[PDB]
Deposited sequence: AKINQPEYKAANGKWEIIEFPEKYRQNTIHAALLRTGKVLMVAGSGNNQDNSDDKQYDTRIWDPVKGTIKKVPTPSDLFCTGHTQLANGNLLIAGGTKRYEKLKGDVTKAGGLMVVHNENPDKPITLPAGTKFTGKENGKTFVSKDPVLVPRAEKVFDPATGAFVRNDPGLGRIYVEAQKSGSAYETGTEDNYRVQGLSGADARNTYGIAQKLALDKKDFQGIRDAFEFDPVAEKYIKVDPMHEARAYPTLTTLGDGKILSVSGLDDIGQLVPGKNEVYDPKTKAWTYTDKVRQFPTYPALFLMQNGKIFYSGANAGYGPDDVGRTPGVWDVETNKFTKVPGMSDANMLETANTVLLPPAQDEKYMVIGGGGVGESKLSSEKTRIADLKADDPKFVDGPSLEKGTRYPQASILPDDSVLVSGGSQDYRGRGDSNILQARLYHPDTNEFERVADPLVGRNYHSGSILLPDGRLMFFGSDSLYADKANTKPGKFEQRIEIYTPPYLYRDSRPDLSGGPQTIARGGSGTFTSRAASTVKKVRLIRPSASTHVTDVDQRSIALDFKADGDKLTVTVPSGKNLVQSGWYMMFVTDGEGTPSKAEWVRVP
């Protein structure tokens, strides 16, 4: 196909690779558009064992207008963090990792770390090599290769006796036979074969997935605010819980909820959630437990409750926190939302609050089966949360089952859905080089230009102020279709220019940056004011692991008079979260202006 011709671009847009000078390359795993118009690109150690060992941590700031890039000193391994924009435009970033060593054993046999629990405070227990552990739910058996000493449970005192904290002993376990049939994909509690009586009651294992991509993966408590003006990470109070892969999401009071993650020995945080108050720069536990898998897609609804779409990055059990629903964080009540197709393929799915955000329609896109499953979903599922009895209904389908699809809201109310892979971490060279625009008004997909670079695990996408989009990342497990050689992280970046920039001249817009309060108005200059049909306030993305709880596009009422455009911000802090937004105006041809920045107090 002649993809650079004017007619083709007018219908399909165009992709371009940017490669950075080698000095500035990194394995970008998170990115966020900052209110300065620059993009924060966070690698941390970049899922690179050498960098993890050396404590080599990387961040960049990229100026898309100037093309320039700089390094930012990175104080901790911010790979594996959660992050969201605060009301002042700083990016709260919390959690991370201190380890993800590849585990040694037979590469053809499922395995990983078993955390053995000893509830007996009176004695330790040693389990010899060749101890068999059987998943109480999964029915699968794994064998240790070395002995493990599990310490006595530690008595905890006020000095009155409270309880016993179980002794914990980690040990590598492996399937007896080769092959994927012996893998697990979710946490289970494991029976230790050969114990009886008290030892049986008191000794059991907990393990996350025991499969072929084997890692010892541990969280940290660190938290920072990234200040986009200073261009630096500012240390704030650490979280109470160590968390690799938490979601951070803004509540109706403007405080930030931190949910889930793996703890400091690789166990799922057991529903112990916490709230950051930006006014105190401190964290407080919520009162009651509510457990989810990692990177749960959690969005603030107009009634102040949190919508969990079901999309997540995995870990934890298959039967807690896996159903979509509406969570009242203050009461802790959770009400499941029915109707999700491919409810067994929600790991690595994307979630978008469709434009306009007023409508409270959420779309879940693609996904795959738990852990290293070969299952992948071609479906979209849409829930309308304004309904009295909300439910998911299928939307338009993709051509192929797709893990890891990128999904970015555009200023014309389309959603760009691109990339992903048909299988786990792109294995079998399964990157899908396809892009589509979802049109909420027709409920259909329109195929657009194919991306140039494949993007699976550890990818993402960011809408820029000029209306183009940046795509980053991709961490294939293997380099080849045969799955014999290790993959190399994708360091190339792409810019996608949508069809709307291959049309007539775009509307002009000036008068930013401005502060405009909810329920208030601001006036801008546009010579093309009388052509404007839509005004959108779009929250900048913070994207990682197929998860972006920041992006949303809010419709604004407006009036044009001559070259003056007056816009009014909607009421409701649950809708228009405080913070910085891109304001785009779009004409009757569907062509957007470049954005002006608007701060909502």
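Not built in the structure, per the record, is the single deposited stretch 159-161.
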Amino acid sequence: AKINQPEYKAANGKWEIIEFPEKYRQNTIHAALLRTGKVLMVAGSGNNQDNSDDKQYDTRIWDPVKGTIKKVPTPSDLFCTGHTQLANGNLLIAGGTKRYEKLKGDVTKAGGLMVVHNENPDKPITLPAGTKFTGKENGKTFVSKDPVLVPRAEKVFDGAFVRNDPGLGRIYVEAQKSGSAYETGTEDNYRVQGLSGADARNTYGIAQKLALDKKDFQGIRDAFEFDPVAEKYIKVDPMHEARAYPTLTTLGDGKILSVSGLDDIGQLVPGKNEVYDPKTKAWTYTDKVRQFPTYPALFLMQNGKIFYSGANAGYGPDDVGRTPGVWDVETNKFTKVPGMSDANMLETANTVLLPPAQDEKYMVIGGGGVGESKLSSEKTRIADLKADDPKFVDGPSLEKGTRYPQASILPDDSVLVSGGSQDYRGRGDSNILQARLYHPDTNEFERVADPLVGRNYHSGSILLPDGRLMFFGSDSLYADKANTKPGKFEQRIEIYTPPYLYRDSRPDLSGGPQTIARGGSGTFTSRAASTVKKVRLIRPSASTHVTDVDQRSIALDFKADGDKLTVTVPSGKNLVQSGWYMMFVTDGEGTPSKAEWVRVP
From here on, numbers count along this sequence of modelled residues.
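Here 500-508 and 451-459 are compared by their mean Cα B-factor, and 500-508 comes out higher. Look at the C-alpha B-factors of 66-74 and of 530-538. On average they run higher in 66-74. As recorded in the PDB entry, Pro440 shows the highest C-alpha B-factor of the residues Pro296, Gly366, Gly395, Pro440. Sorting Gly579, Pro592, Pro21, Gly13 by the CA temperature factor given in the entry leaves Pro21 at the top. When the modelled residues of the chain are ordered by their C-alpha B factor, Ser180 lands in the highest third. Ranked by C-alpha B-factor against the other modelled residues of its chain, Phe334 falls in the lowest third.
Ranked by Cα temperature factor within the chain, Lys38 sits in the middle third according to the deposited record. Among the modelled residues of the chain, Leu92 sits in the lowest third by CA temperature factor in this PDB entry. When all modelled residues of the chain are sorted by CA temperature factor, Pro405 is found within the lowest third.
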